[PDB]
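Single-structure report; data block below.
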Amino acid sequence: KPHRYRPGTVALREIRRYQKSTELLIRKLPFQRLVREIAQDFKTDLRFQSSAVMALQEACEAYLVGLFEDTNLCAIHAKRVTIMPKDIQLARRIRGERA
Amino acid sequence: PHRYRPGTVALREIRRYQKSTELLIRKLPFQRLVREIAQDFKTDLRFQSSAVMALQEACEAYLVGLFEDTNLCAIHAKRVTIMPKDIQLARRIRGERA
Amino acid sequence: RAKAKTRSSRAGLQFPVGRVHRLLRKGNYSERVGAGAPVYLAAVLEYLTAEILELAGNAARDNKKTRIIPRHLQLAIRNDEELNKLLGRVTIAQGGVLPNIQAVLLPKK
Amino acid sequence: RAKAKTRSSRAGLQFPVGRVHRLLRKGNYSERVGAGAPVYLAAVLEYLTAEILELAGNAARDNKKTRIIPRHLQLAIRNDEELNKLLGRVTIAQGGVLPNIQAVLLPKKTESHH
Amino acid sequence: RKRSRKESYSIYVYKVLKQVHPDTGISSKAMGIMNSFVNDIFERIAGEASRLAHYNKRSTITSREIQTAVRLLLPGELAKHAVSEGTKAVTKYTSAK
Amino acid sequence: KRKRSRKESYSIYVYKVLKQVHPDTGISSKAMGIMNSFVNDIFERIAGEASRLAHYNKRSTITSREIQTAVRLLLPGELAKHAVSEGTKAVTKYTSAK
Amino acid sequence: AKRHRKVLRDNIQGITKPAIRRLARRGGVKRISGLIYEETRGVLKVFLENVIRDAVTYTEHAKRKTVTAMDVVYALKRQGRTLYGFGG
Amino acid sequence: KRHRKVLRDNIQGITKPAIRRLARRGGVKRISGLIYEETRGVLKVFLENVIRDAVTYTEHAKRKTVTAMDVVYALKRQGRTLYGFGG
Ligand SMILES: [Ca+2]
Ligand SMILES: [Cl-]
Ligand SMILES: [Cl-]
Numbered sequence: 038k039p040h041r042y043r044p045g046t047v048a049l050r051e052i053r054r055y056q057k058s059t060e061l062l063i064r065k066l067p068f069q070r071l072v073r074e075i076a077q078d079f080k081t082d083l084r085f086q087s088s089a090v091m092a093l094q095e096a097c098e099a100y101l102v103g104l105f106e107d108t109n110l111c112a113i114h115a116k117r118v119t120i121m122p123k124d125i126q127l128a129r130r131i132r133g134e135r136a
Numbered sequence: 039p040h041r042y043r044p045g046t047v048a049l050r051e052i053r054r055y056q057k058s059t060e061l062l063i064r065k066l067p068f069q070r071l072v073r074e075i076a077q078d079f080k081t082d083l084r085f086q087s088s089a090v091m092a093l094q095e096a097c098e099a100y101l102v103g104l105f106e107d108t109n110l111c112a113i114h115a116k117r118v119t120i121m122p123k124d125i126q127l128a129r130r131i132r133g134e135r136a
Numbered sequence: 012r013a014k015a016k017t018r019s020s021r022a023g024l025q026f027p028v029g030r031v032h033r034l035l036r037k038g039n040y041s042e043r044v045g046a047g048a049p050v051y052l053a054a055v056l057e058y059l060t061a062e063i064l065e066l067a068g069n070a071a072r073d074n075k076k077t078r079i080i081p082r083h084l085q086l087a088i089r090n091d092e093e094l095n096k097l098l099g100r101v102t103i104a105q106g107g108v109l110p111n112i113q114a115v116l117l118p119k120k
Numbered sequence: 012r013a014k015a016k017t018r019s020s021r022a023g024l025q026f027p028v029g030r031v032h033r034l035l036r037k038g039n040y041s042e043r044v045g046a047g048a049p050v051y052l053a054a055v056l057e058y059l060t061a062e063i064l065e066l067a068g069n070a071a072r073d074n075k076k077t078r079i080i081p082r083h084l085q086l087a088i089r090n091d092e093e094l095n096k097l098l099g100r101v102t103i104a105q106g107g108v109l110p111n112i113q114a115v116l117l118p119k120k121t122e123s124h125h
Numbered sequence: 030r031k032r033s034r035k036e037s038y039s040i041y042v043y044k045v046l047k048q049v050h051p052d053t054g055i056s057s058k059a060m061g062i063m064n065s066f067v068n069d070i071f072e073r074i075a076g077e078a079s080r081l082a083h084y085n086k087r088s089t090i091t092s093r094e095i096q097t098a099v100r101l102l103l104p105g106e107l108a109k110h111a112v113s114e115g116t117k118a119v120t121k122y123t124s125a126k
Numbered sequence: 029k030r031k032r033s034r035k036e037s038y039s040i041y042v043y044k045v046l047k048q049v050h051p052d053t054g055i056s057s058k059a060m061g062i063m064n065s066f067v068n069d070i071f072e073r074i075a076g077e078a079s080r081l082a083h084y085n086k087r088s089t090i091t092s093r094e095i096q097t098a099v100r101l102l103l104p105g106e107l108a109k110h111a112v113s114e115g116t117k118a119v120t121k122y123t124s125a126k
Numbered sequence: 016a017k018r019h020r021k022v023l024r025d026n027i028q029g030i031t032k033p034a035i036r037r038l039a040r041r042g043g044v045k046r047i048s049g050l051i052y053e054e055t056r057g058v059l060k061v062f063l064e065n066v067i068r069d070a071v072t073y074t075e076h077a078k079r080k081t082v083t084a085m086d087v088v089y090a091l092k093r094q095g096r097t098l099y100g101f102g103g
Numbered sequence: 017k018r019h020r021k022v023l024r025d026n027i028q029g030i031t032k033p034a035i036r037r038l039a040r041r042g043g044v045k046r047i048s049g050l051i052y053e054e055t056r057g058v059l060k061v062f063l064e065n066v067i068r069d070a071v072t073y074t075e076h077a078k079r080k081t082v083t084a085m086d087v088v089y090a091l092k093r094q095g096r097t098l099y100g101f102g103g
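Residue numbers (the UniProt record's numbering), protein chains in the order written: chain A, 38 to 136; chain B, 39 to 136; chain C, 12 to 120; chain D, 12 to 125; chain E, 30 to 126; chain F, 29 to 126; chain G, 16 to 103; chain H, 17 to 103.
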């Protein structure tokens with residue numbers, strides 16, 4: 038008797054929720070650390086303007102959201118509904134990001 | 039009596055044409071097309087012969103590359119045959135198409 | 012001495028012809044710059060600017076908002092066939108995406 | 012009075028430091044061009060040219076051919092992971108493509124050659 | 030100490046906004062986006078113009094270059110209105126002198 | 029008229045470098061055309077980015093340091109190391125000649 | 016008298032099936048659905064329009080009536096299909 | 017003092033539910049468990065290429081701080097032009 042939504046229905050609901058919005062979807066501090074981690078590998082003791090870290094995050098999430106759209110088309114192309122890493126790898130190969 | 043199985047002469051042709059560098063579209067038809075497409079931009083246009091070659095070189099390169107990408111989409115859907123949706127998905131993902 | 016009129020005012024333009032003209036001379040595009048150029052360029056910059064704000068404004072109105080914000084610009088651009096092409100490799104911060112859910116992913120009812 | 016020493020010889024280059032320096036000044040890049048800019052640049056162009064020529068020359072030699080042709084340049088470039096990336100949105104007229112047939116398209120049976 | 034001058038297109042975006050939607054306003058973030066746009070396209074047109082003039086062995090970017098640059102860079106209908114509005118503005122600026 | 033105008037190229041140089049690298053191999057005109065396109069392509073990329081750099085940092089001057097930073101930006105890993113190396117060596121040698 | 020040029024129509028069909036197959040072969044295609052050939056023609060035509068448009072634009076800016084290999088080379092660069100061996 | 021920067025393995029801070037949200041905006045309905053790690057690697061490669069160029073722009077300017085313009089110029093070079101942070 039307790040209410041339960043069939044699988045797909047809360048997912049479809051999330052899609053709508055997030056397509057309506059523009060908030061960044063990666064949590065800010067984790068992101069900010071990762072950037073600095075990665076930045077060490079090229080130069081030591083670098084500071085960032087916070088707008089520089091926001092500009093990167095804006096740019097990343099935009100690229101990933103974009104890549105997911107192409108990944109979803111590749112998944113559907115093969116008569117599926119479930120994105121899998123070969124979808125991502127195909128998208129990026131056709132995109133020419135990858136060999 | 040003698041006959042090859044389907045796909046055998048196809049593979050043979052793949053080997054043949056990847057080994058060579060000659061243009062594969064026939065030159066005069068290609069030229070006629072260029073002239074025709076050009077007419078919708080400016081009447082009574084002339085063409086350096088190298089400019090037509092330069093456009094054929096480009097086209098053929100563009101298409102050969104598109105077919106490579108098209109094949110991968112076919113194979114991704116567990117197919118050996120290319121179909122228009124494979125060309126469309128490639129072109130969608132390349133940014134050429136909406 | 013005659014009175015100062017701006018070149019924008021002479022062109023019936025809101026964009027700064029004089030500034031554009033200086034940006035052209037100082038941006039390493041050519042040794043010389045004709046006086047028609049910045050007038051024409053500032054013109055086009057004004058047209059496209061106006062085009063986007065026409066469409067961005069309508070989206071702010073549909074959203075019951077007095078002020079244009081990035082999402083309104085993004086909706087304006089991504090629903091207009093030509094503006095989208097013009098900006099097809101451009102990311103608009105804080106814009107989001109157009110609502111799109113492939114048909115196949117919807118319920119059968 | 013005492014004359015005639017070409018900047019390229021000074022730098023130890025075949026590429027023309029003076030042509031390169033002219034091309035920078037006249038090419039709407041910056042108001043001024045410093046004296047190392049064309050030396051450095053010419054050198055880099057010489058380096059990349061010499062790589063491709065080395066590799067393509069090898070390709071022509073494997074072909075039992077005295078002369079480099081576009082295909083020798085293509086084969087050189089597309090089998091060098093790095094040159095391929097530098098020149099990956101570039102089309103070499105008359106180069107063709109590298110031999111390559113996806114495995115799912117082959118037949119699978121092995122029974123072999125002499 | 031007064032901050033050093035960062036120019037922008039923001040007084041001109043507003044002026045156009047009042048022409049087009051007298052009741053409507055604009056946030057900082059939107060202005061930043063408008064301003065990025067204007068600079069983007071400035072550079073695209075000016076760039077293609079620089080090439081055009083250089084390809085044709087000429088020292089001078091004129092309106093004829095800006096126009097042909099516009100033709101090459103903007104899509105059909107957008108190109109047409111730009112060319113019209115750019116011609117208007119010149120033809121007009123000429124008659125005033 | 030009577031004599032066609034002069035159109036510059038990097039041919040003599042490409043050839044000079046060719047004799048260094050392979051003394052007994054030649055080069056067809058199409059192949060040389062590709063080499064000339066190559067040099068001009070890259071010239072334009074490196075000068076281009078050097079141009080941005082200077083402008084982005086309010087310098088009027090493209091110096092050997094802008095070429096270097098641009099070279100680091102445009103070439104991939106190994107190619108850029110050797111490229112910066114040869115660029116560094118050449119400027120060095122050139123100041124020694126004085 | 017003297018007469019200027021005349022109209023050409025549906026030359027796209029001169030891009031035949033064998034040649035479309037050959038191109039696909041070089042692209043490593045083994046099996047081709049029969050709807051490909053008309054799709055490929057569509058795609059090829061869009062490519063040529065976009066490149067010829069831009070080339071011809073360069074022509075008219077040089078106040079010429081002859082389209083030159085450089086007009087094509089410059090157009091293809093703008094399209095991000097930079098081509099080597101025709102005047103780069 | 018000077019407070020060293022501890023490389024904590026933050027790529028794992030890019031959580032599963034975050035990756036799932038990004039995919040919802042992208043219109044993805046269903047997600048293989050293999051996705052979340054594939055993505056992280058895809059993200060890392062993205063971040064390295066942008067941050068390398070950005071930091072190159074920083075170095076050439078003789079600055080110790082990466083600015084938002086360094087990042088913008090970087091994304092322009094990588095063909096991923098961003099509006100709203102200057103330029
Ligand atoms: Ca209105
Ligand atoms: Cl003018
Ligand atoms: Cl210098």
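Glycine included, C-beta positions come from ideal geometry on N, C-alpha and C.
### Message
Assuming contact is defined by CB atoms lying nearer than 7 Å, are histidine 76/H and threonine 91/F in contact in what I supplied?
### Response
Result no, Cβ atoms of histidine 76/H and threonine 91/F do not sit closer than 7 Å.
### Query
Would you say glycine 45/D touches ligand 3, meaning its beta carbon is less than 6 Å from a heavy atom?
yes
### Message
Give me the subset of the stretch 46-59 of chain B whose CB atoms are less than 9 Å from a CB atom of chain D, sorted by chain position.
### Response
Hits within the stretch, in order: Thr46, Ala48, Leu49, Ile52, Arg53, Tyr55, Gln56, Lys57, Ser58 and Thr59.
### Query
If you compare alpha carbons, which of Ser19/C, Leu98/C, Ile79/C and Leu84/C is closest to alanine 46/C?
Nearest of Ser19/C, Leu98/C, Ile79/C and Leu84/C to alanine 46/C, Cα basis: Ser19/C.
### Query
Where do the N-terminal and C-terminal ends of the beta strand (DSSP E) with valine 49/E fall, by residue?
Taken as a continuous stretch (DSSP letters only), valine 49/E belongs to no beta strand (DSSP E), being part of the alpha helix (DSSP H) at 39-49.
### Query
Is it the case that the Cβ atoms of residue 146/H and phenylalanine 62/H are separated by a distance below 7 Å?
Here chain H covers residues 17 to 103 and nothing more, so residue 146/H does not appear.
### Proximity to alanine 90/H [Cα-Cα], best of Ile131/A, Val90/A and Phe68/A
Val90/A
### Task
Within 10 angstroms of the Cβ of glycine 99/C, are there 16 or more other Cβ atoms? Answer buried if so, exposed if not.
exposed
### Segment contact flag, the stretch 48-57 of chain B with the stretch 108-126 of chain F, C-beta cutoff 8 Å, min 3 pairs
no
### Message
For the stretch 116-129 of chain B, list every residue whose C-beta sits within 8 Å of some C-beta in chain D, in sequence order.
### Response
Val118
### Neighbouring residues (CB closer than 6 Å to any heavy atom of ligand 1)
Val49/E and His50/E
#### Entry: Given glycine 68/D as reference, the closest of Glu57/D, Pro81/D and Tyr58/D once Cα atoms are compared
The residue among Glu57/D, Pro81/D and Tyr58/D with its C-alpha nearest the C-alpha of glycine 68/D is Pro81/D.
### Query
To which residues of the same chain is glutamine 94/H closer than 8 Å at the C-beta, ignoring the five residues directly before and after it?
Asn65, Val66 and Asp69
### Task
Please look up how many angstroms separate the CB atoms of residue 109/H and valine 102/A, rounded, as I've assumed it's under 8 Å.
Only positions 17 to 103 of chain H appear in this structure, which leaves residue 109/H out of reach.
#### Entry: alpha helix (DSSP H) segment containing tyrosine 100/B, residue limits
87-114
### Contacts of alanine 96/B in chain D (Cβ-Cβ under 9 Å)
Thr102 and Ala104
### Message
Just to confirm my understanding: we take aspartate 124/A, look at its own chain, exclude 5 residues before and 5 after, and list those with CB closer than 7 Å. What are they?
### Response
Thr108, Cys111 and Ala112
### Query
What residues from chain G crowd round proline 81/D, counting only those whose CB sits closer than 8 Å?
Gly100
### Message
Let's see if you can read the secondary structure: which residues bound the beta strand (DSSP E) around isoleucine 103/D?
### Response
101-103
#### Entry: Assigned exposure category for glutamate 95/B - 16 Cβ within 10 Å defines buried
buried
### Message
I believe residue 35/A touches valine 58/H by the beta-carbon criterion, under 8 Å. Please report the beta-carbon distance rounded to the nearest angstrom.
### Response
Limits of chain A in this structure are 38 at one end and 136 at the other, which puts residue 35/A out of reach.
### Task
Take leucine 86/C and list the residues in its own chain whose beta-carbon comes closer than 6 Å to its own, dropping the five residues that flank it on each side.
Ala70
### Task
Following the continuous alpha helix (DSSP H) through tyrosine 89/G, name the residue where it begins and the one where it ends.
Counting along the chain, the alpha helix (DSSP H) containing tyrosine 89/G begins and ends at 84-93.
### Task
Buried or exposed for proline 49/D, please, with buried defined as at least 16 other CB atoms from any protein chain shown within 10 angstroms of its CB.
Buried, because 16 or more other Cβ atoms sit within 10 Å of the Cβ of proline 49/D.
### Message
Considering only DSSP beta bridges, list what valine 115/C is partnered with.
### Response
Answer is none; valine 115/C lacks a bridge partner.
### Task
Report yes if the CB atom of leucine 93/B is closer than 7 Å to the CB atom of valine 71/G, and no otherwise.
no
### Task
Can you say whether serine 41/D is buried or exposed, counting buried as having 16 or more other CB atoms within 10 angstroms of its CB?
Burial call: buried.
### Query
Which chain C residues are close to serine 37/E, counting only those with a beta carbon under 9 Å from its beta carbon?
Neighbours of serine 37/E on chain C: none; closest Cβ ~10 Å, over 9 Å.
### Query
How would you list, in chain order, the residues of chain C whose beta-carbon sits under 7 Å from the beta-carbon of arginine 36/H?
By Cβ distance, chain C contributes nothing, its closest Cβ being about 15 Å from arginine 36/H, past 7 Å.
### Message
Once DSSP output is grouped into helix, strand and coil, what is the label at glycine 29/H?
### Response
helix
### Task
Kindly say whether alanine 112/A, judged by its beta-carbon, lies nearer than 7 Å to any beta-carbon of chain C.
Judged by the 7 Å Cβ criterion, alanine 112/A is not in contact with chain C.
### Query
At a CB-CB cut-off below 9 Å, which residues of chain G make contact with residue 28/F?
In this structure chain F extends from 29 to 126, so residue 28/F is not present and cannot be described.
### Message
I'd like to confirm the pairing. Which residues does DSSP put opposite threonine 89/F in its beta bridges?
### Response
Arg43/D
### Message
Please state the DSSP three-state secondary structure of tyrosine 73/G.
### Response
Note: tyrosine 73/G maps to helix in three-state DSSP.
#### Entry: Contact with chain D by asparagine 69/C, beta-carbon distance below 7 Å
no
### Message
Tell me which residue opens and which closes the alpha helix (DSSP H) that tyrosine 122/E is part of.
### Response
Start and end: 105-125.
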